[PDB]
Amino acid sequence: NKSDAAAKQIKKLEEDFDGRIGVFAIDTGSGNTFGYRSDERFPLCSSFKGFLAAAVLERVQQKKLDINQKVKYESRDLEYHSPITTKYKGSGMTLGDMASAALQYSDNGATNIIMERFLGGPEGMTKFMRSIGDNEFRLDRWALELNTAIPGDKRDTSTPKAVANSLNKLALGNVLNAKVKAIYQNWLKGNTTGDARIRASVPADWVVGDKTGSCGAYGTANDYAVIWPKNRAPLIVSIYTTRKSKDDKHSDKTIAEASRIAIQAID
Ligand SMILES: *C(=O)[C@@H]([C@@H]1N=C(C(=O)O)[C@@H](S[C@@H]2CN[C@H](C(=O)N(C)C)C2)[C@@H]1C)[C@@H](C)O
């Protein structure tokens, strides 16, 4: 019945903005879950950088890469929205600093470079996801081309459920060892682009790590988070939104509100 009411509220919240909300949330402490449209597909946008950072950390763990290796790119034409990589064009960044820049600032330069040299491109990223048992994720195109968010296009989509599951496996599970998992946890905690999303849905005492995405088309936006509540087991919250018209703008407020509803549903 708690479930059924949470769902009516998402239903209404989506009609209010003329769009389409996908929700999955997990209380790791009880196993309780809430999903609404949790098996529908939605554009990832930048949200895949969260996973991309994880794949980097898996390669570091496997000893294929070193976390402090220098990454030089002094002749690159840096993609738009490369706020961190721009400031070190001349000197390069450590692999680790670069990966975290990709997560924490949605830096497209960091993203595309990492995917070029270390990850085998979009197919390699899809391969990583498969390898932790995520069958829904697909990345098709590179950082700046994956944002078209066209209704009915499976390219560069996942589902709220798959995203949530993957996040749990990565941020809380055993894909990454204790040391490496903690690093990844801190990277998520230091996300700078999520203040109006899932962060705005919880008491300010709770610690959140997250990755956002904003397609800038079809008013498509999303956020997924691990949440550490006061003296309580972790929650995972996954929220994805699209809108009916190409020109529509995304809605932080809707995302924050669907998060509130989702957290209550599993509470
Ligand atoms: C991917 O989705 C795109 C980038 N990732 C974003 C995000 O994480 O939500 C968006 S919004 C971006 C956050 N930094 C900018 C900012 O601080 N404001 C202008 C205030 C906006 C971002 C476009 C993109 C890289 O493809």
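Don't overthink the numbers, they just go from 1 along the chain as shown.
According to its header, the structure was obtained by X-ray crystallography, 2.4 Å.
Cβ coordinates come from backbone N, Cα and C, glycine included.
Pulled from Swiss-Prot:
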ACT_SITE  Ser46  active site, nucleophile
ACT_SITE  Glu145  active site, proton acceptor
BINDING   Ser46, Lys49, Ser106, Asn108, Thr212  beta-lactam binding site
DISULFID  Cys45-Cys215  disulfide bond
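Everything Swiss-Prot records as a feature, shown here on the structure.
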residue: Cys45; record: disulfide bond; CB count, 10 Å: 24
residue: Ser46; record: active site, nucleophile; CB count, 10 Å: 26
residue: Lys49; record: beta-lactam binding site; CB count, 10 Å: 29
residue: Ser106; record: beta-lactam binding site; CB count, 10 Å: 26
residue: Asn108; record: beta-lactam binding site; CB count, 10 Å: 21
residue: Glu145; record: active site, proton acceptor; CB count, 10 Å: 11
residue: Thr212; record: beta-lactam binding site; CB count, 10 Å: 28
residue: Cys215; record: disulfide bond; CB count, 10 Å: 24
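Same-chain residues with CB within 8 A of the center of the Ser46, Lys49, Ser106, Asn108, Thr212 CB atoms, the beta-lactam site residues themselves not counted, are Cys45, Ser47, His81, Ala102, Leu103, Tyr105, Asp107, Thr111, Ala143, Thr193, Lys211, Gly213. Among the recorded positions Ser46, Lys49, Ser106, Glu145, the ones whose Cβ sits under 6 Å from an atom of ligand 1 are, in sequence order, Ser46, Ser106. Put simply, of the recorded positions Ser46, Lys49, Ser106, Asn108, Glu145, the one whose Cα is nearest the Cα of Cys215 (disulfide bond) is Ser46.
Distance between Cα atoms for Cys45 (disulfide bond) and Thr212 (beta-lactam binding site): 8 Å, as a whole number. Under the DSSP three-state reduction, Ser106 (beta-lactam binding site) is assigned to coil, being neither helix nor strand.
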